[PDB]
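Single chain ahead, by itself, as structure tokens, in the form solved without this ligand.
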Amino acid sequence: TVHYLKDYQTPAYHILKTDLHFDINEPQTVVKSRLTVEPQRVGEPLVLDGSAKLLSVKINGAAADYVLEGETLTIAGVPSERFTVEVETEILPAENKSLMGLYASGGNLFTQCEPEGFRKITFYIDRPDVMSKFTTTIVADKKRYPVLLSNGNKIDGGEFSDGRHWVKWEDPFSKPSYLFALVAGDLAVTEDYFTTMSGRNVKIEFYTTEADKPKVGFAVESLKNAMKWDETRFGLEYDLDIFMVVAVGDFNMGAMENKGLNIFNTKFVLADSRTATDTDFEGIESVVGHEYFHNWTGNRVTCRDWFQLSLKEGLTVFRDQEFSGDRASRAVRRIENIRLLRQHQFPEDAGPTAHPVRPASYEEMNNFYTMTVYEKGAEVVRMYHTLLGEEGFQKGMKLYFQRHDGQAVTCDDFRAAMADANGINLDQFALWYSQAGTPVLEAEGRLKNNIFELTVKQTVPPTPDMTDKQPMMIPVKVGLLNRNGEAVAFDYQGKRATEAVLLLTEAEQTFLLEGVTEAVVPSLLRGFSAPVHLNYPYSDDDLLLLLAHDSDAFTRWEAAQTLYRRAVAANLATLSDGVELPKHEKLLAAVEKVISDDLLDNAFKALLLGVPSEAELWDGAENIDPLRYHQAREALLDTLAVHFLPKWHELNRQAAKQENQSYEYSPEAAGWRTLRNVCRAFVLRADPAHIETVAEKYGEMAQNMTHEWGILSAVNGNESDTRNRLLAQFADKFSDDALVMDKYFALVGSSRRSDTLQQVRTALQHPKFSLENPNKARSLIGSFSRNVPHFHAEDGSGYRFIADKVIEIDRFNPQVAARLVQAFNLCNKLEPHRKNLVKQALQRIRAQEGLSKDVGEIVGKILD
């Protein structure tokens, strides 16, 4: 069963009203539905998706003639006019380890419906172009379930003499079923409010455990900031007088935008400085923003079909990036976003699971909540912004909502809103939705007479879904530096300026930058203006000039990245030839300048001292030995560590001083700590024995989690027993904080020590570990699967381990297992010995009777 976009057809039925009734007992919950059904194609069978235990079905109040087959219920005898259907199902939420539909967590009940979880609750037309008005009644024992929530407005409630109580929630906004939510439990509430720009108070309520309530404050402030920002930046106002957020410790993903009732992984809502890093705080801000921004880009306007997922996710990711960027540190955060795309999305586009931003087919939709749909999706939205400007982009946004408020629509409709609102043709732009793979740009430059002549070619490789790739519309933002690193002006399309966006639309084009009276070096793809690989012949000296003087953060950072990549390549050569390592003279000169530069933003400086990951380094290679790339990258880090050791200590000292004991989260304090932690990593690489000095003063330095995590990270690969002691003391200290225990398990799984696999196997039996908790499984096993020297061990032990855990986890949580199995995506690019072992691992997974569609789809893409 493959699903194809080309086969889309409007539904035979609409559902105008969805009246639900939840009767929560022990152990079962009984759900009653009443659907008000409107025929679209009169006389067709009514087909309802569903997998819950079915107790009864009525049509117009009478027992229905129907047939149950697989996960579908079909009623052939349908009235020709408006009618009702009533379905009664039974659920055992404590047995639901998939964490989709209605499930138990921490003695409480939660839902996760996106994409296709609602059908695990009742029988429904569970597809997002079917939008209905929901009213939800919930009945439960009061002392056990004092908090009973669903979407919208609480319009009634009461008590019974047997100790049960009930509530009724009316959500007046038509919605697809994936936006339904319910929570029932004993939770503590944190209350606040926001007043909208039209003067309406919005009650804000965050629900958490009693013990967790003191950590929810930053999330609350972030929501209020996100509400204000959507008004000032996008002109978007909230549309209910209540906004609820619920934290849950067992959750497959990060968070969920259910209308008026967001549900969040604890990880993206709970923090204090004692237990959360600065990066965790930034994450809460981003994801609280994200889910709130969905209220318009996702909820008010939703998705016609799941192939259009990027319509809401690319756009909402763009929105959360712009929110965070407007809050603080825009340039640094932009680089962080680019770095994540290239480290994680580029390998997806190069690999067996590559897909377009708008896929043309899928087997299991849960497999398509991807780096491509999200992060490349956001880069595609951002290119509208680059082409149109902020004002034009907002014209498009405005027309999009005018046209499509209350509708379930497509990527094509967003593009058309952008095109029409600005009176321009964006037909070619559509290929960013339909063509997979990373475009590669080859560029060359010459100054002939007084014209700088920039020639650019584009190619887009075949991907498993599609061989033909046509030229795309690719904005390339550029500038020129003279020998003094000064900006040079040029003429383009009758305008004298220091910067231009060159729009590449053909397979090959030459751009004429006229009126250039001195030798120049071009600055290319400024701000990472398109999601592409660009090759330009820069000398090392050219890269130093860019790094030292360019006015664009990305191009400066990319110049450093390139020097690092060249240094690693040189290391690969010498290690292969069995000779002494290179000197890296120009690189060291550059880093020396970076370290000593007092004008550089500290978080930017930290980025300039970050070396590309192994995956970046082996991008484009065949017959990969991951350990050789790891060895080469490690050698470079060893050299930087030992070579600059006195400056690492000096810089560390400055960062400590300038932090000024301001241990709470702020972007300013955080940038000092970020730099501090880079220094710590290098200091402990150069001098492993320094760990005992660190351990003696650990209490003194452990002033927040950013420091404890920074320290434990720096020592994590240390072969001293003290590494093991410090980690054990960390687990003891924070044993009662599940999000901190996640950090412990990540350190266990990610260690470059020789004994990591046996330590990981011991950690599986830790009293605070649970394989059935996705945060825990991800932290320990996910980290191990990304641990290059251990996952890719020559003896195949890493492959056998991860395949064992994919097999085990798939039995109860196919989503976690299918994410994990993608650790094998590099299969066909490996050298023959590891490739053989990875194939054996995948065939063994494939051999499992009852293997999920989730994992099966991925294994097929790799093997077949």
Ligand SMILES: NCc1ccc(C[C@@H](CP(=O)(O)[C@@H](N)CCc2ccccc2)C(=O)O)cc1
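The first residue of the sequence shown is number 1, and the count goes up from there.
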Practice task
Look up the CA B-factors in the entry and say which stretch, 533-541 or 238-246, has the higher mean.
Solution key: 533-541
Exercise for the section: For the higher mean C-alpha B factor in the entry, choose 517-525 or 764-772. Expected result: 517-525
Exercise for the section: Name the one of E499, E363, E95, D320 with the greatest CA B-factor according to the PDB entry. Expected result: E499
Practice task
Name the residue from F293, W169, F791, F554 with the greatest C-alpha temperature factor listed in the entry.
Solution key: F554
Problem - Third of the chain, ranked by Cα B-factor, where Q343 sits - result: middle
Exercise for the section: Can you work out whether the C-alpha temperature factor of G479 puts it in the lowest, middle or highest third of the chain? Expected result: highest
Practice task
Sorting the chain's modelled residues by C-alpha B-factor, tell me whether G351 ends up in the lowest, middle or highest third.
Solution key: lowest
Practice task
Could you tell me which third, lowest, middle or highest, the C-alpha B-factor of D810 occupies within its chain?
Solution key: lowest
Completion exercise
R334: C-alpha B-factor third of its chain, per the entry, is the middle
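One more form of this protein should be noted, the form deposited with this ligand bound, which is absent from this view; the next part is about it.
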Practice task
Heavy atoms, 4.5 Å, this ligand in the bound PDB entry: which of 199-207, 720-728, 408-416, 617-625 makes the cut? Say which one.
Solution key: 199-207
Exercise for the section: Would you please decide whether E159 lies within 4.5 angstroms of this ligand in the bound PDB entry, comparing each non-hydrogen atom pair? Expected result: no
Practice task
Please check if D241 has a heavy atom lying within 4.5 Å of any heavy atom of this ligand in the bound PDB entry.
Solution key: yes
Handout entry: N153 within 4.5 Å of this ligand in the bound PDB entry, heavy atoms
Key = yes
Exercise for the section: Tell me, yes or no, whether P172 is in contact with this ligand in the bound PDB entry, where a contact means a heavy atom of each within 4.5 Å. Expected result: yes
